[PDB]
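Only one structure is covered here, and it is reproduced in the block below.
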Ligand SMILES: [Zn+2]
Ligand SMILES: [Zn+2]
């Protein structure tokens, strides 16, 4: 899926792929998770409904 | 053993056979299925009665296979329906008991005596031996004898034989009734308007009444009131000829998931011989002094991914503008279908990239806006409410003592050959009204128009055309692997429109007979629960007799309507029963779903087909199949023990049969 | 005799299978059949309902609601949620707050034909959680009911086709270590700054520059202003309970003219519930009785009695289920709304007629109070027009 | 338009008549 | 004049049946796969 | 009034035929020839490749 | 409450079941009127 | 890389009779196949195909 997404040049999916997508998702997951209490359900939901998750 | 063939010889029988790699995989899958089925019948006390019957069935059909050849799969497919024929052998109604049983016995006799392998006496004896393994069984076990279907392997396929069936369903004259088409179109319009009323705050769609509309229809449009089906059946000449204008702001790019699914795409027409093996076509091309055709290996997903300028509006313009009917590159072809034993459905079609994109866009457009408007059937994407609706439909006539009561007679119809029997002249009005509702001048009547102008063929690399002088698809004749100018549709393609037409026909037939029904049309199998009012004090047999008598008129009307729209209904397709109906290959018998656990256990193999081939994936597959076994009536204790046993078996197999050194 | 009931524990899910069942036999002989419990999928009460909302808009609303429910409702907890939604929409902070659904009891739900069972003996099974507390708890109790049904089904395996004796399963979940209290929705601020989130602004499938129309923006602004000024639940606690009774009565009246209202009715004024049910039904039937030239209080009472008596029994089952609940039943009896008459046992009571009697008592109370001059408040939900002038 | 009364209905009616007489 | 009225009422039926015939013939003509047809707008 | 009466009876004759034509038109048969002959598509291709935007019924 | 009864009776001349249930409800209401006011008869 | 793209373990493609016929005619393998059984393969110049 990454090999097809990085190869994609289609007008749709123009900005979907990002080279630092993994790093951005790690930073966002740290944002949601590096709190006083860790709530993996909330982090999963918020990631899945964020731009990185879409 | 070689990478390409296996030569097997047995001295006991003095028989030598050759097996290719695919045939080796079939034989080992079938033998694993036989082992699993026999061992489960040995183990479970529930399936214990089935062991001997399954063994005798296997022996008899193995000798029949040796006697006939590839035609024994006709007998297997006949047994597939004989299971249901035996299931309806014990219904209370005398006039429906044994009809399917007798007809299927006649068809098995025909299949056994067509080649004169068996005389009439021998054929009758063989039929009796086959049938005796089905009698004196509980309804649950008679349904769990539907595991044997893949226990005899699959037939050796040829392009010519597979093409002959589709060349005859298509390319064949079909007479249709204008009025039947117009009545079902009027009911289609009525259901569309009623659905758009049930949504969108109870207001009619933008509609233009015809000049023949009476005063009553004008007032119902003005008042935005529901169109009662009895009214529609009366004024069907005005409910039809009613132009529904644009209702949906639908766009081709509404859903992105449809564009990201890989579908088989055919080569350009100019090089259609590149599917065949190079060895077989090299000389016939050399004698014609022509270059060898270029092999085609592109995929739809990769082609869509590598387009710098891809606009779904411009993709749909291919069909909308009329360019599809002029493209000299367009080429559609069939190919042999795996794991099928029935003559019908042995092929699936592939188109070009532009016409596959147009097809998926049109199907998404129909499934998102207009498909939602007709819910006269009960099928929905939510499986939970789907099976709840199925149980409610099945339990109509089951009322206890804890006046008048209610009674149900169930009808099941097979719609496999519908795709080949659809004709433009019967779908054009529905396609035109859908085009008007979506705003597209011409989108949905594309399949038949494009097919009548192109020659189809079955693309098998080892099945080149018999005549080596036929090097161009257009000039090909209607024989061998070619299907010249198919007038019908293709399976799956434009199925939403066909399902909607079938729903309209079912509702028209129900209204014509003044009978309440609950259809559950699903594209392959439709189930109709005919409902009637009976006296509470009546006997159960008499209640079911009254229900069947009420359902007789509805069934006659449905047969007449389906014949009018060009679908001749035979005895094989329809199954009338006062106890059960069939939905998604599962039978709903008297408020129950029968088990069919042996079918699930027959596909419990020693490795997953996925590429990684880890031990975890295989063990997860085994666990999923054991979950199915638990859900299908097998002892939960036995299922737990079996899960542990086969997880151990799989790990030991992976340890001692290492894939990689 | 049950050993958990006999020893302290009293929380259980009661399962019953009647005697005399014979599958593939005369339906009259065996007990009545019904669709068994096969599961309960997702079933929003947002501040303002948006129609035709884009996928990005729905995703942003989900993100904001989950964020506010989980991490807190401070102003910075709203700023962070607004930014994270701004990675997918273009709404301003005010309309985000306004349109976002309720950040209370977030379900956190996240993502061919294979029936879970044959439903052979499970179609005859009675289930009742009347001895149980009841959204993790809802899923737990659905799991308990499914487990009990599967246990009943494996008690009579497919080899068994008869039931010569009636069986009862208790399935006590109380006195269990596993059930636990639930505490959440505390304020946890982010110990790390918001990351620099790259956003496909131009891509329509990820970001929508114009998710709300001008009319939609005007409507949401009007709703927010009306709530800020006119108010919604700012009313004191003493005023919330009668208002909840009025709203649940309106729901019941709209229902008649497994779904139930025991959760609301157990925490409100049941006599006020039925009084406002009568009031709402009277509002619905006012025009019909006026065009029929009905005169006098008793004319209204007779008309409403026959209207209630002529509705199908399936429609009134919503109110029947609420009244049949033991706590609500005792409450109705003690408030003189309901008198259990013409039944040797409570379970044999005609709860449809009982609900009709309760609604009739409420209608009589409303008519008498109106005649004496006690005005009754009219509520106009989904209105911040002409429908109020009609009401 | 005459209606028929079951025996339990008759007991109901006569008990109601007794109650009305007792209270009035 | 009465004659006229009846004639107007009966010509209303003539109108509706003629419109039915017209629509039926239009549907027939548009049912020929030979010539692809397009819905206006 | 007499001319208008002559046309009164004649128009009734028309009404009935129009009803009758409608009857037969309502019971017509739409037949698809199919490709029984099996003639190469090249030859069978005697049909429009172009959509025509003709209005059917209302419009 | 007999207005609906007469309306459906004229409309039809299914409905008979509604006719019967409305008649039964009316007569039962009259019966309880009589029983409640039994003393003053 | 060929140790990941292993051949199928289970059946996922149709069984073709003419594939087996091709492989048993290419090697001149013993058989009792009638001329019509082979279909188009009987007219091939297997010599060039064998070469
Ligand atoms: Zn207990
Ligand atoms: Zn525990």
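General remarks:
- Matching residues, segment C:146-169, being within 16 Å of ligand 1 (Cβ to nearest atom) and buried (at least 17 other Cβ atoms within 10 Å of the Cβ): C:148, C:152, C:169
- Under the condition of being surrounded by 24 or more Cβ atoms within 10 Å (Cβ to Cβ) and more than 21 Å from residue B:42 (Cα to Cα), the residues counted in segment B:592-617 number 2.
Okay, residues lined up against (1) within 8 Å of chain B (Cβ to nearest Cβ); (2) outside any loop (DSSP other than H, G, I, E, B):
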| residue | (1), (2) |
| --- | --- |
| F:4 | no, yes |
| F:10 | no, yes |
| F:13 | no, yes |
| F:19 | no, yes |
| F:24 | no, yes |
| F:47 | yes, no |
| F:54 | no, no |
| F:57 | yes, no |
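- Top-ranked residue in segment B:28-57 [being farther than 23 Å from residue B:626 by Cα and surrounded by 17 or more Cβ atoms within 10 Å (Cβ to Cβ); ranked as nearest to the other protein chains (Cβ to nearest Cβ)]: B:53
Yes/no per residue for (1) within 16 Å of ligand 2 (Cβ to nearest atom); (2) more than 15 Å from residue C:36 (Cβ to Cβ); (3) not in a loop (DSSP other than H, G, I, E, B):
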| position | (1), (2), (3) |
| --- | --- |
| C:134 | no, yes, no |
| C:147 | yes, no, yes |
| C:157 | no, yes, no |
| C:175 | yes, yes, no |
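- Checking each residue in chain D for being more than 25 Å from residue G:2 (Cα to Cα) and surrounded by 10 or more Cβ atoms within 10 Å (Cβ to Cβ) picks out D:10, D:11, D:12, D:14, D:15, D:16, D:17, D:18, D:19, D:20, D:21, D:24.
- Exclusive hit being within 14 Å of chain E (Cβ to nearest Cβ) and over 17 Å from residue E:23 (Cβ atoms), set B:176, B:217, B:185: B:176
- Under the condition of being on the phi > 0 side of the Ramachandran plot, away from ligand 1 (no atom under 16 Å from the Cβ) and more than 14 Å from chain A (Cβ to nearest Cβ), the residues counted in segment C:170-213 number 0.
- In segment H:1-38, residue surrounded by the most Cβ atoms within 10 Å (Cβ to Cβ) [restricted to those that are in a helix (DSSP H, G or I) and more than 7 Å from every other protein chain (Cβ to nearest Cβ)]: H:21
- Of all residues in segment H:39-51 being at the interface with chain B (Cβ under 8 Å from one of its Cβ atoms) and not in a helix (DSSP H, G or I), the one that is nearest to residue B:466 (Cα to Cα): H:44
- Positions within segment C:177-223 being more than 16 Å from ligand 2 (Cβ to nearest atom) and within 29 Å of the chain's Cα centre (by Cα), in sequence order: C:183, C:184, C:185, C:186, C:187, C:216, C:219, C:220, C:221, C:222, C:223
- Taken together, A:13, A:28 contain a single residue that is at positive phi and facing chain C (nearest Cβ under 9 Å), which is A:13.
- Matching entry among H:18, H:23 (being farther than 26 Å from residue B:607 by Cα and out of contact with any helix residue (DSSP H, G or I) (no Cβ under 7 Å at 6 or more places or on another chain)): H:23
- Residues located in segment C:1-18, provided they are within 7 Å of ligand 1 (Cβ to nearest atom) and in contact with a strand residue (DSSP E or B) (Cβ under 6 Å, 6 or more places away or on another chain): none
- Residue selected from segment B:532-544 under the condition within 16 Å of residue B:396 (Cβ to Cβ) and out of contact with any helix residue (DSSP H, G or I) (no Cβ under 8 Å at 6 or more places or on another chain), by the criterion surrounded by the most Cβ atoms within 10 Å (Cβ to Cβ): B:543
- With a requirement of 1 or more residues that are closer than 25 Å to residue C:160 by Cα, the helices (runs of 4 or more DSSP H) lying completely within segment B:51-150 that satisfy it span B:72-87, B:120-132, B:139-143.
- If the condition is being within 14 Å of chain H (Cβ to nearest Cβ) and surrounded by 16 or more Cβ atoms within 10 Å (Cβ to Cβ), then segment B:318-340 contributes B:334, B:335, B:336, B:337, B:338, B:340.
- Filter result for the condition that a residue is crowded, with 19+ Cβ neighbours inside 10 Å and at negative phi, over B:433, B:475, B:416, B:392: B:433
- Extreme residue, farthest from ligand 2 (Cβ to nearest atom), among residues of segment C:9-24 that are more than 13 Å from residue C:160 (Cβ to Cβ) and within 14 Å of chain B (Cβ to nearest Cβ): C:20
- Matching residues, segment B:571-630, being within 22 Å of the chain's Cα centre (by Cα), more than 10 Å from chain C (Cβ to nearest Cβ) and closer than 27 Å to residue B:506 by Cα: B:571, B:572, B:573, B:574, B:575, B:576, B:577, B:580, B:581, B:582, B:587
- The residue list B:315, B:376 contains one member that is within 13 Å of another protein chain (Cβ to nearest Cβ), more than 19 Å from the chain's Cα centre (by Cα) and crowded, with 19+ Cβ neighbours inside 10 Å, which is B:315.
Throughout, read-outs are computed from the coordinates displayed, never taken from laboratory work. Neighbour counts run over all protein chains shown; Cβ positions are idealised from the backbone, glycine included.
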